[PDB]
Structures are given as C-alpha cells and as structure tokens.
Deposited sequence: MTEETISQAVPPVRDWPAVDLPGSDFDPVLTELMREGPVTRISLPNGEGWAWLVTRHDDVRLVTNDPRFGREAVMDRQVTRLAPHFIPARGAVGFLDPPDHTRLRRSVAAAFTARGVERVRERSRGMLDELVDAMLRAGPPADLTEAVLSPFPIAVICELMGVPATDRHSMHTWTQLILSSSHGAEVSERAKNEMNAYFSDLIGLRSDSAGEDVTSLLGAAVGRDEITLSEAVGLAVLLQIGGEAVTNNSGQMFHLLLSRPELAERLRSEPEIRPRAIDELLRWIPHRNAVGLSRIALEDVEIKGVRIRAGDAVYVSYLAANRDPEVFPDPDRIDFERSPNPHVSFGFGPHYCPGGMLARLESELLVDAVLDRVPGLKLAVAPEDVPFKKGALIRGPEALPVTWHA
C-alpha cells in the first residue's frame, strides 16, 4: 500500500469521449498510485479521489515552482507554460498576479462581453445557414467563436485574431514535440509587450488595460503582465475542443439534444453536468512537488516527490457523484475547471460561451443533426486536449 507498483501510462488515442481504460484501473487500485508517462524521467504519485485531489491542489505544501527543475515524468514532450508563468508560480507571487485580472473573469466581469459575443455568434451561425448544408460545425462556428470572444475580452483588435490563433497553434504545436525556435514562440510575447506597455495607456476595462494599469501602479512587472496575457490568450481556445465534445455527445444521443432544445430552463444545469462528465484531456497535465514530507491517506510522500491529480477521475468519484458514468441533468461540485489557487480563471467565460453556443445551435438551426455516424466523427490524435477534428452536420433547408 505504501509502495504501489509503477503503472506505465503510454500515449493512446481514445475514440470520441470514451473514458481511458488505464485511468479506470488506477481508480480501482486505491487512493494513491504511482505512474510513469511517456516523457520526462522516473515516476510520480497520482491521486484520484475527489477529497484527495482537493487537498493536493489546495495545500501550500505542494508547489508548482519546483516542478521545472526535475524532469518529472509527463505526457507532453515539452511544457507550454514558461518559467515564471502563473502555471509555475506559487503564492504569494501567484496570488498577486492572478488578482490583477480576477475581476474581469468573474460572472459580473464576463457579462461585459456577453451581448457582443452573442451578436458575433449569430453572425457565424447565420453565415453557415446561408451557405447551406452540409457543413463542419467546428470550422464554421466552434473554432472561430472562442477566438473572437477571448480577443474581445482581452482588448485585442479584431484584425489580429488570425495572427493570435496562428501564434497559439505554433506554441501548442511545440508542446507536441514540434521544433519551433524561441523566436517563433515569443511573437505573441512581443505583441502583448507592445499592447500592454505602449498602448492601452488610458483607462480601460478590458484585460490588457487592467494589466497595463497594474504595471503603472507598480503592482506587477511588464514581464509578469505579458506572461499572463499570453497564457489567457492560449487558454481561451479550449472551448473549441470542449464544446466540440459537447455537441458530438448531444447529437449522438438525439434524446438529450431534444431535452435541451425543448427545456430552456434546464440548460444551465445540463451544461454543468456535461462539463463534469466530458473527459477534456488525455492523462494528466502539470504535477506539483511535495515541498516537505507529507502523508495522504496514510501513504508517505517524501519531499521532492512529484504528485499528480486527475480532475477527470475526481469527477467520477462514486462517493461524490452516485452512478458517476451516468449523465444526469438533474444531478454537482465537479472540478473540470480545477481546484485551489490554480483553478481556471476562464471557467465563467467558458460557461458563458457554452451557454450561448447551446442556445444558438439548438434554437437557430432547423433540425440540426450529425451528417455521419457518431463513430465516424474523427477525433484529435496525439493531443493534450481531446476533441473532434471536424463535426459534419446538416439541417432542414
């Protein structure tokens, strides 16, 4: 028990939204297990229960700053966040940086861009309807919408949306092992250095304006501000893959789609349940290092050891979610947006986007449905975040 066997967790592409069989086995073995991923060196501890995941992610004894130096076993060939980025920061610095933009990401904060976002979405959907079926829901709506929304919230001119997306793709491609010069990945860095440091020098409510003002008041450095802007910009694109899984599920189970289309009142609750259930990523992402000797469920974890949490596993904890594999719109303390200091700042924005998307796609498109069999919809390979490559759809024209 104190010395669990190391389980090898090689990279494997899973069909649609099927749950990882290896994760299912780890969940059955006990609260604390040990794993070895494709990259990095050695092994790491893993926790899967809802309460243990909340502990590891919300306790000062586990830190992110120490992860970078020790080649911890991991899925990705290379990390996305750089040294000093919020992902690799611990309080107090992490707290100081996150607070500079927190008010822009709460429910009250994201409401500011809700009307404009709904307008942009209706234009994308209407353009799709006008062109006629069949179409690729991902290329026509799910991909462009999130990019436009995060750029709007950040204060990035619409004319630069395409550039932002290309830069985001290069950075993510680099994580997959692709060879990209630092000079290539720092283009977004230079872009935000200009926007935050030279422009948006006046009063503003968008994210880059808040960052610029915080730098002006000596609360954060330009470097800290730029690093945060880059990660927020990249993060905004996650809604594309997640909403893609959401619609693949809804269209694969016409019954659920009918329920949402006919019962507007339950959409908020239903979307929250889909967010809990959808297996958003492959394996696990960034670990935390035990900063001192600690114990979890009696298991001794030595200072220096790496510990991963699986939010996907925690979302299926039988204790917290009875009959976990069942999607129940009337079920929900899920942790799809993480837990602890590092919880996703984009959670409320993702909810906003998901709600607008469900409304538009289910109410504006006459008799929407998949144009191919559920099993024939291609999903991303060798990826970190799971999602459809395309979503062929048709409707009444």
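For this chain, the deposited residues without C-alpha positions form the stretches 1 to 7, 339 to 340, given in sequence order.
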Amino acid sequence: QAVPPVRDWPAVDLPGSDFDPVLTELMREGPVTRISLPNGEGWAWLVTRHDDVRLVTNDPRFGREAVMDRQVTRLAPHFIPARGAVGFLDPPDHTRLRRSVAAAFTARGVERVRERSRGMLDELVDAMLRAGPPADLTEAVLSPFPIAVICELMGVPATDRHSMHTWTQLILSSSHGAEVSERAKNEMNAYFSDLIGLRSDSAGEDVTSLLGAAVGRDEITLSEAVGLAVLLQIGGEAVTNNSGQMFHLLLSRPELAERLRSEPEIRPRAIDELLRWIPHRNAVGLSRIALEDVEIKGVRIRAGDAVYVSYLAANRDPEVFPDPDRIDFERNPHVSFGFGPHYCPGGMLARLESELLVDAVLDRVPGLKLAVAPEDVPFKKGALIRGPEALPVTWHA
From here on, numbers count along this sequence of modelled residues.
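Of the two segments examined, 192 to 200 and 231 to 239, it is 192 to 200 that shows the higher average Cα temperature factor in the deposited entry. If you average the C-alpha B-factors over 346 to 354 and over 361 to 369, the higher value belongs to 361 to 369. Ranking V141, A184, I278, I147 by Cα temperature factor from the entry places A184 first. Note on the listed residues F247, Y311, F88, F79: the highest Cα temperature factor in the record is that of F79. Split the chain's modelled residues into thirds by C-alpha temperature factor. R98 is in the lowest one. When the modelled residues of the chain are ordered by C-alpha B-factor, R54 sits in the middle third.
Ranked against the other modelled residues of its chain, the C-alpha B-factor of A44 as given in the entry falls in the lowest third.
In the deposited entry, the Cα temperature factor of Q169 sits in the middle third of values across the chain's modelled residues. For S262, the recorded CA temperature factor ranks within the highest third of the chain's modelled residues.
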